[PDB]
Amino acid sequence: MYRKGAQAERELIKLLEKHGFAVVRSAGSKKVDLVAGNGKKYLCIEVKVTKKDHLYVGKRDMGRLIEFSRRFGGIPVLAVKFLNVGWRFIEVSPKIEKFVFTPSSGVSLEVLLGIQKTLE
């Protein structure tokens, strides 16, 4: 099994739960890796981890995530752990095509959730 991937996933789940989200892992990553809901927001997440300072995401993978997210009713999210740098989240746009993401390309979990613009 992809051990490094499983380790990153475990870390991410706890982060999500810390923010009040109930998380479910999709068996075999069928359509997506994880689905998380906190009562008002639903996230459909694809998890990636790399030691490189950039990451390429195929058009197919992007399409699978956007498609499932739209049907399910959740925000399509690409969660990447840039080793030696940290987690970066990108709420992917409807555009289904290739794309290269860098740490400067994503936001923190707090911003992804919009904590920075919520009084409480």
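When you see a residue number, it is the position in the sequence shown, counting from 1.
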For this session: Would you determine, from the values in the PDB entry, which of 98-106 and 15-23 has the greater average C-alpha temperature factor?
Result: 98-106
For this session: Using only the Cα atoms and their B-factors as the entry lists them, report which of 32-40 and 77-85 averages higher.
Result: 77-85
Exercise. Relative to the other modelled residues in the chain, which third contains the C-alpha temperature factor of residue 46: lowest, middle or highest?
Worked result: lowest
For this session: Ordered by C-alpha B-factor within the chain, which third holds residue 8? Give me lowest, middle or highest, please.
Result: middle
Problem set entry | Cα B factor band for residue 113 (lowest, middle or highest third within the chain) | lowest
